[PDB]
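Student: Next one to model:
(2 chains)
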Amino acid sequence: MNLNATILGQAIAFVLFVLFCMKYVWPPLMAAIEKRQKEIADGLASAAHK
Amino acid sequence: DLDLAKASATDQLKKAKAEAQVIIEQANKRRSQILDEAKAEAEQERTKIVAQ
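Tutor: Numbering: from 1, shown residues only, chains lettered A, B, ... in the order given. Below is the structure:
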């Protein structure tokens, strides 16, 4: 259709959202969730017969 | 599991630690019994031989 500056505007939005996700969101979300999973994994590892 | 581990470990170890020493002192009671019986019959043997 009409070749328009909106494409480059949307590219700026796309790249900055990916960078914000990489910096702020993803590392802490995965850290908290997998730290719960780690605690349950050790809950398996902990289990008086031994 | 950790609580029952503590409880069972202490229970087992302290119970056996008591009974072992108790049996060893019982063996000393039998030791004193045997030693005094040997002494008494040794001197009865001597007295009977000299009376003979």
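Student: Where does the residue of chain A found nearest chain B sit: helix, strand or coil?
Tutor: Nearest to chain B in chain A, going by C-beta to the nearest C-beta, is residue A:48, at a distance of 3.9 Å. For the C-beta atoms, the positions are set from N, CA and C on the backbone; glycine is no exception. What DSSP: H, G, I helix; E, B strand; the rest coil gives for residue A:48 is coil.
Student: and the gap between the residue positioned nearest the centre of chain B and chain A?
Tutor: By C-alpha atoms, centre = their mean, chain B has its centre lying nearest to residue B:27, at 1.8 Å. According to C-beta to the nearest C-beta, to the nearest Å, residue B:27 and chain A sit 34 Å apart.
Student: In terms of helices and strands, where is that residue?
Tutor: Under the criterion of DSSP states H and E, residue B:27 resides in helix B:2-51.
Student: near chain A, which residues of chain B show up?
Tutor: B:1-5, B:7-8 (C-beta under 8 Å from any C-beta of the partner chain).
Student: Go again with 7 Å.
Tutor: B:1, B:4-5, B:8 (C-beta under 7 Å from any C-beta of the partner chain).
Student: check contacts around the residue of chain A closest to chain B.
Tutor: B:1, B:4-5, B:8 (C-beta atoms under 7 Å, 6 or more residues apart in numbering or on different chains).
Student: Now neighbour count and distance to residue B:44 too, for these, in JSON lines please.
Tutor: As requested, the contacts of residue A:48 are exported to JSON lines (neighbours: other C-beta atoms under 10 Å in any protein chain shown; distance: C-beta to C-beta, whole Å):
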{"residue": "B:1", "neighbour count": "10", "distance to residue B:44": "64"}
{"residue": "B:4", "neighbour count": "11", "distance to residue B:44": "59"}
{"residue": "B:5", "neighbour count": "12", "distance to residue B:44": "58"}
{"residue": "B:8", "neighbour count": "12", "distance to residue B:44": "53"}
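Student: returning to what we had before: could you measure the residue of chain A closest to chain B against residue B:38, distance?
Tutor: According to C-beta to C-beta, to the nearest Å, residue A:48 and residue B:38 sit 50 Å apart.
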